[PDB]
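Okay, so here's the structure we're looking at.
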Amino acid sequence: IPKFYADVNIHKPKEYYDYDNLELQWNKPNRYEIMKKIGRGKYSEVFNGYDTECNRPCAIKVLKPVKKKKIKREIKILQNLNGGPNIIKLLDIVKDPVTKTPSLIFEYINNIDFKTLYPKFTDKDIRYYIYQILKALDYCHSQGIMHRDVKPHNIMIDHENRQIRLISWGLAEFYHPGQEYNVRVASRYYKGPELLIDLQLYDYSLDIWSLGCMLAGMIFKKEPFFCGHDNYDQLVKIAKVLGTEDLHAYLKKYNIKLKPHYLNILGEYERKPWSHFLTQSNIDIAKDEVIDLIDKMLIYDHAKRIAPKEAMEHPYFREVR
Ligand SMILES: Nc1ncnc2c1ncn2[C@@H]1O[C@H](COP(=O)(O)OP(=O)(O)OP(=O)(O)O)[C@@H](O)[C@H]1O
Ligand SMILES: [Cl-]
Numbered sequence: 012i013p014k015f016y017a018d019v020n021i022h023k024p025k026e027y028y029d030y031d032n033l034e035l036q037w038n039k040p041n042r043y044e045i046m047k048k049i050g051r052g053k054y055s056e057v058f059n060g061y062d063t064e065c066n067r068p069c070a071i072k073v074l075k076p077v078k079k080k081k082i083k084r085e086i087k088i089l090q091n092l093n094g095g096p097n098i099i100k101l102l103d104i105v106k107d108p109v110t111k112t113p114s115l116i117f118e119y120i121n122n123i124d125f126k127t128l129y130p131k132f133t134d135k136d137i138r139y140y141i142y143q144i145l146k147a148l149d150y151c152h153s154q155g156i157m158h159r160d161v162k163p164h165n166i167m168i169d170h171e172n173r174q175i176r177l178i179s180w181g182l183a184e185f186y187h188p189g190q191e192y193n194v195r196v197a198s199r200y201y202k203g204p205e206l207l208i209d210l211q212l213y214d215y216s217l218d219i220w221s222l223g224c225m226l227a228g229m230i231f232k233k234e235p236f237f238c239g240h241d242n243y244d245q246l247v248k249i250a251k252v253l254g255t256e257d258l259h260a261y262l263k264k265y266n267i268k269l270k271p272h273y274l275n276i277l278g279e280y281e282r283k284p285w286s287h288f289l290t291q292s293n294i295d296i297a298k299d300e301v302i303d304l305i306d307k308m309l310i311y312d313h314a315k316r317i318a319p320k321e322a323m324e325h326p327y328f329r330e331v332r
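Counting in PDB author numbering, the sequence shown runs from 12 upward without gaps.
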């Protein structure tokens with residue numbers, strides 16, 4: 012039972028969540044001037060473009076042959092989240108008349124690779140940007156949607172203009188109590204324990220684990236924070252930090268019995284204190300307020316994790332604007 016926003020979709024009309032019954036009106040791609048390729052996805056290519064009619068830059072996401080089921084969902088979710096704080100705006104959906112290839116037109120964000128940008132950040136910079144990702148996540152959760160793929164790679168930042176956007180809504184899904192969800196989502200490094208132990212009855216809490224992994228990696232200057240060689244090893248990398256005592260307690264509560272594979276590789280680990288991750292290069296940002304915030308997010312028990320709504324109230328953010 013998610014603390015917040017559990018029954019959002021229950022009180023919403025079927026049209027809101029039934030994305031496969033969505034009638035898409037594809038427009039002519041003529042007005043969008045295609046320029047430099049800025050991104051590469053699993054089943055897409057993102058280009059810097061220009062809306063010649065509305066005097067506006069855009070990011071044109073061309074789509075490789077994927078079932079309409081996947082596109083319709085991404086479109087429905089982006090539509091339902093329009094005007095959300097720090098959520099990428101979908102401006103148009105276009106289809107080539109000849110090739111019949113669909114493309115999604117998004118507002119353009121001048122991003123700099125996090126591997127180049129993040130080291131240039133100050134304590135005040137990470138503070139502000141994490142608050143903004145929390146605002147985005149509190150909005151989509153309130154709209155009955157889980158992002159299911161929060162990672163530094165899906166956060167666009169134009170540092171010069173202090174503009175931040177949560178992108179990649181392709182894996183985003185609607186939360187319905189009692190529904191079993193595909194555990195084979197998110198980057199292995201940002202996959203919550205519920206995905207690793209095959210707990211299909213997960214919720215919004217999944218996004219706080221992923222954001223916790225991101226925040227830990229940023230302030231401890233170690234990305235990916237938990238670096239597993241496989242899905243089974245990823246739980247070991249987690250347990251080697253959070254301790255196995257709280258893991259066994261988590262499995263006993265949700266009555267989950269680990270695979271014949273897990274029992275051998277998983278040892279008995281004591282919880283590593285967050286202080287053991289401090290270095291000369293990171294103590295300046297790895298202060299006591301942020302470590303408390305990380306401690307409240309990286310918790311096995313998805314039901315015991317802090318909500319984005321609550322995280323925003325934390326003293327780490329003293330956001331008097
Ligand atoms: N609006 C945008 N502004 C700037 N860059 C963008 C924008 N949208 C996408 N990109 C870039 O394109 C890359 C891939 O885009 P995106 O994450 O939306 O696709 P994807 O979901 O992985 O693709 P697919 O679902 O087809 O596999 C991003 O990592 C980013 O660098
Ligand atoms: Cl894997």
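Just so you know, even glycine gets a beta-carbon here, dropped at the ideal spot from N, CA and C.
The beta-bridge partner set that DSSP reports for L101 consists of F117. Under the 10 Å beta carbon count, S292 is surrounded by fewer than 16 other beta carbons and is classified as exposed.
In terms of CA proximity to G228, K126 leads the group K79, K126, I49 and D299.
Within the same chain, and ignoring the five residues on either side of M323 in sequence, the residues whose Cβ sits closer than 6 Å to its Cβ are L145. With fewer than 16 other Cβ atoms inside 10 Å of its own Cβ, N266 counts as exposed. By the Cβ-count criterion, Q245 is buried, with 16 or more other Cβ atoms from all chains shown falling within 10 Å of its own Cβ.
Within the chosen limit of 7 Å, ligand 1 does not reach the beta carbon of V19 with any heavy atom. Annotation for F58: the continuous beta strand (DSSP E) segment containing it runs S55 to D62. Shown in chain order are the residues whose CB sits closer than 7 Å to a heavy atom of ligand 2: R199, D241 and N242.
Remark: three or more beta-carbon pairs, one from each stretch, lie closer than 8 Å, so the segment 150-161 and the segment 14-28 are flagged as touching. Annotation for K72 indicates a beta carbon within 7 Å of some heavy atom of ligand 1. Taking non-hydrogen atoms of ligand 1 into account, the C-beta of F117 is found less than 7 Å away from one of them. Judged by DSSP in its simplified three-state form, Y327 adopts coil rather than helix or strand. In this structure, ligand 1 has no non-hydrogen atom nearer than 7 Å to the beta-carbon of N41.
Judged by DSSP secondary structure, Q174 falls within the beta strand (DSSP E) whose first and last residues are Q174 to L177. With a beta-carbon spacing of about 26 Å, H287 and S216 fall beyond the 8 Å limit used to define contacts. For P68, the three-state secondary structure derived from DSSP is strand. Residue range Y43 to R51 is occupied by the beta strand (DSSP E) that includes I49. Per DSSP, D209 is not a residue of any alpha helix (DSSP H), being assigned neither H nor E. The secondary-structure analysis by DSSP pairs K106 across a beta bridge with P113. For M167, the Cβ falls inside the 7 Å cut-off from some heavy atom of ligand 1.
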